[PDB]
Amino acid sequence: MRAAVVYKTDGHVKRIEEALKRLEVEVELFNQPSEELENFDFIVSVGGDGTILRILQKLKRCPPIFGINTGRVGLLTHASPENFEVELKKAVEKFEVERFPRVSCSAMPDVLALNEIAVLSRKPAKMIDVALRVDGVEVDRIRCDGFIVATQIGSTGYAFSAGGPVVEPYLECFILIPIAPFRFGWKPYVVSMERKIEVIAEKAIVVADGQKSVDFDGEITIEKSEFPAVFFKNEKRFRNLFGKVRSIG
């Protein structure tokens, strides 16, 4: 059984490597994400949530991810440098896995997103007229700095800052919310993730998980992909959710 250790800075890589060693696991260190990662039994992320997002941009089929939070808040991580040994041991031996859906939009067919797909204007300080449709029905048209289509996992990211609700990890759904909407009233919409999202806009740009982006004009489609992000089951995922959220910043 071999595993890949991905890291941003040399942080705690030494000890993490030795721990995987004592658990008799072959190790291969990575300076940065690479599609080569698909060829392992599981991955150990060392950094933050951003690290895990970058790792997932290289994966289609996804081996179990165990994340180590090196910073402040880690909604996607399993432990910190302080207790990764105990947890890693439990994860690597119990080998219970857990899945969360990933999305894709027609403008970038090969990209998958865990947090969200954002439609922003190309120039800063410029609005865009965005039309929104889901399962064919026109649900709204609004002028804003951009529009967010996020998963429940994304509810704590960009959507959160736009004023969105925090949604439980285990409740699948889309969160449609505008960024700086110019209208008297507006509300975030929470709909089923089985539905098809269509966003219509001119002189815009699509961004997925803040990584890959492509300029586009007209209309794009967003739906649930077939390749979820996979992690080892975090027994306290729900419990930690509320505490981690109050410390965001």
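One-based numbering along the sequence shown.
- Note on 35-43 vs 185-193: mean CA B-factor is higher in 35-43.
- A summary of the deposited B-factors shows that, of 112-120 and 81-89, the stretch with the larger mean C-alpha value is 81-89.
- Of the candidates 214, 52, 180, 68, it is 214 whose Cα B-factor is highest according to the PDB record.
- Annotation for 130, 175, 103, 137: 137 ranks highest, by Cα B-factor.
- When the CA B factors of the chain's modelled residues are split into thirds, the value for residue 64 lands in the middle one.
- Among all modelled residues in this chain, the alpha-carbon of residue 72 has a temperature factor (C-alpha) in the highest third.
- For residue 125, the recorded CA B-factor ranks within the highest third of the chain. Only modelled residues enter the ranking.
- Residue-level temperature factors show residue 223 in the middle third of its chain, judged at the C-alpha atom.
- Among the modelled residues of its chain, residue 28 has a C-alpha B-factor that falls in the highest third according to the deposited record.
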